[PDB]
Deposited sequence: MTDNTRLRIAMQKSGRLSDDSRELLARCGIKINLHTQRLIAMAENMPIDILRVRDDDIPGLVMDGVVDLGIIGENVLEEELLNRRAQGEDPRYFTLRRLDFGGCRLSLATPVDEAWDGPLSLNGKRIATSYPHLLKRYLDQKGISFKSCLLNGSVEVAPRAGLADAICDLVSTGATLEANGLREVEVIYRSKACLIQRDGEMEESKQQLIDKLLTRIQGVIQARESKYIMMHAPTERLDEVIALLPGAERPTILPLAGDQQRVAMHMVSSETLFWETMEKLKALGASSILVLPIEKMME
């Protein structure tokens, strides 16, 4: 009828998802107890749902679009495949937020010599399927011990030999006698489309929105760079700076949009390569 996008009502991803669509010029109020939100201008419905529920909402065709993190998505996918189904979706694109990593962590007072060493041990996790996929590929077998939270109790509680969990600061692990030891999966939010024939009108809108998304992400990653054309050694410049648009050379200088960040290392390289008054300006919005 109109476009149905499903997003996390409340958590890690909901702020960034309200923002993405706001930056794509979607006027809708989310500060409301209401869970399906009609859009003001564009023919769009935002279902505010549990992150957990999004993969399935899309897999089942009950909504058209979903912003969900890869891990939650992939885990449910593997889950159903394991019940014997064949759930199907399109990944429109990987988003620029919701980063996190799933990791093997083990007791601190024990030396770690590779995943092999976990063969036949007991691993407590909330991601049994992501974990199983990983050790399977690696030929390692293990006994799963599932917990939906506080996974870091397992070892010190006699429940498991190691855990596999979401990490970022590393704080909890330490607090719990654990240390990261191998990242097994890195995830970000991504934008997925439902399976099956999608009507010309809402497809055109999916397509429109998508182009805004690329633009919003491009603008916040890309940057405007202004250096000093040390004329001779000029080729060795453009290399460290994957341009895509093409430099602009000036008599008096350089000016180009750089899709990656100027990491300090990359700046130092230009330095001791002979470039000067290097600048980097913010870009607020961009088409391209």
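No C-alpha positions are given for the deposited-sequence stretches 1 to 4, 257 to 263.
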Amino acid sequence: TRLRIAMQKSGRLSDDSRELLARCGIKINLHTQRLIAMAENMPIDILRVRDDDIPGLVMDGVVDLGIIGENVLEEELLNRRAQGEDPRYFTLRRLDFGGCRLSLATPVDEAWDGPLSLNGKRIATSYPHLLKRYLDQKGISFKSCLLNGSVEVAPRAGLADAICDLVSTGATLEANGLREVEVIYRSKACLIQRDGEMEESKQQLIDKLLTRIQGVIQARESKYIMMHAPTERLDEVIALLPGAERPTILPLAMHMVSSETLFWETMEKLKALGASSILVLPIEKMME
From here on, numbers count along this sequence of modelled residues.
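The deposited model assigns a higher average Cα B-factor to 158 to 166 than to the other stretch when 76 to 84 and 158 to 166 are compared. Of the two stretches examined, 233 to 241 and 30 to 38, the record assigns the greater average C-alpha temperature factor to 233 to 241. Out of 219, 46, 57, 250, it is 250 whose C-alpha atom has the highest B-factor in the PDB entry. The deposited CA B-factor of residue 198 belongs to the highest third of values across its chain. Per the deposited record, the Cα B-factor of residue 70 falls in the lowest third when ranked against the other modelled residues of its chain. Sort the chain's modelled residues by C-alpha temperature factor and residue 111 lands in the highest third, per the entry.
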